[PDB]
Amino acid sequence: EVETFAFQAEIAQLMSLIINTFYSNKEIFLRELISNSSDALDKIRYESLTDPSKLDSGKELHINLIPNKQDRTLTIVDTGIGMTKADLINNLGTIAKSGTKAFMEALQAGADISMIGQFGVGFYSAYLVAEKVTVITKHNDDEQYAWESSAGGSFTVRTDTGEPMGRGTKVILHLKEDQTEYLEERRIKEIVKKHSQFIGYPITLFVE
Ligand SMILES: COc1ccc(OC)c(Cc2nc3nc(F)nc(N)c3[nH]2)c1
């Protein structure tokens with residue numbers, strides 16, 4: 001069964017700003033999500049220092065970038081800490097409320113969209129290039145979940161019956177029709193080199 005939830009009003013507002021504002025420098029979505037992955041990998045790494053059993057669900061700490069032209073998706077995969085149901089439905093939204101407001105304020109004073117990550121809400125930059133985002137995630141303390149949103153003010157959560165992922169998070173970007181450049185190998189490489197060059201975890205760009 002699929003539960004449908006309303007975004008907090010501020011988040012829905014931010015999402016619509018991201019979708020509606022004319023802003024050509026869309027490529028920053030990728031460093032935002034890679035950075036989110038890196039924080040999540042840092043978290044499970046730190047936690048395992050005092051409980052090595054936390055790595056029973058997978059020892060490898062890394063990031064995969066997987067384009068698929070047939071499906072028109074770009075997937076960012078990590079083996080970080082993963083998200084619980086509570087994170088998905090409640091906690092992320094609660095923390096995002098302040099960041100969103102600060103960001104929206106900054107945006108006059110003349111900040112720009114590329115600065116979204118300094119407000120801890122970089123995830124929503126996915127909406128610069130994706131019409132729909134699906135997030136598959138698994139935390140040690142919980143079951144595997146599928147979060148999904150095409151914006152418009154709501155998101156869904158369901159327990160995921162797909163392939164089990166061990167531990168971590170996959171963000172599946174269903175790209176907008178005019179955003180398929182982000183499926184191209186050389187465009188992805190270029191972006192990773194420019195914005196994510198010093199991430200402390202292996203980043204593997206899959207080819208097709
Ligand atoms: C639905 O997913 C999100 C919604 C809002 C949001 O930041 C407001 C984030 C940001 C984020 N949180 C994450 N937690 C883990 F363990 N791994 C990741 N790769 C994560 N990315 C995710």
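Order of appearance sets the numbers: ligands from 1, and atoms from 1 within every ligand. Heads up: numbering here begins at 1 and tracks the sequence. We use all heavy atoms of the structure for the numbers below, so side chains are in, but hydrogens, waters and symmetry mates are not.
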Could you tell me how the ring of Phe155 sits relative to the ring of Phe7: parallel (under 30°), tilted (30 to 60°) or perpendicular (over 60°)? tilted
Consider ligand 1: state whether an atom of it lies below 4.0 angstrom from any non-hydrogen atom of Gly82. yes
Any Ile81 heavy atom less than 4.0 Å to ligand 1: yes
Just heavy atoms, cut-off under 4.0 Å: does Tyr124 contact ligand 1 by side chain, backbone, both, or neither? side chain
To check your reading of the model: name the closest protein heavy atom to [atom], its residue, and the distance in Å.
{"atom": "atom 15 (C) of ligand 1", "result": "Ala40 CB, 3.6 Å"}
{"atom": "atom 7 (O) of ligand 1", "result": "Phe123 CB, 3.7 Å"}
{"atom": "atom 3 (C) of ligand 1", "result": "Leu92 CD1, 3.5 Å"}
{"atom": "atom 12 (N) of ligand 1", "result": "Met83 SD, 3.7 Å"}

With a sphere of 6.0 Å drawn around OH of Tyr46, does it hold more than 12 non-hydrogen atoms of other residues, nucleotides or ligands? no
Flag yes if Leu175 and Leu205 sit in one hydrophobic cluster, no otherwise; membership is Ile, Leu, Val, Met, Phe, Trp, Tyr, and two members link when side-chain heavy atoms are under 4.5 Å apart. yes
Mark yes or no for whether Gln144, through its side chain, and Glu163, through its backbone, hold a donor-acceptor pair below 3.5 Å. yes
Given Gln13, which partner from the list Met104, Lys101, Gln8 fulfils the side-chain contact (heavy atoms from CB on, under 4.5 Å) test? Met104
Do ligand 1 and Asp78 have nitrogen or oxygen atoms that lie under 3.5 Å from each other? yes
Answer yes or no: is there a side-chain heavy-atom contact under 4.5 Å between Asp71 and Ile172? no
Heavy-atom proximity to atom 18 (C) of ligand 1, best of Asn36, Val77, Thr100: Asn36
Qualifying residue, where the test is side chain to side chain donor-acceptor pair (under 3.5 Å) with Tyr201 and the options are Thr79, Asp42, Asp78: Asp42
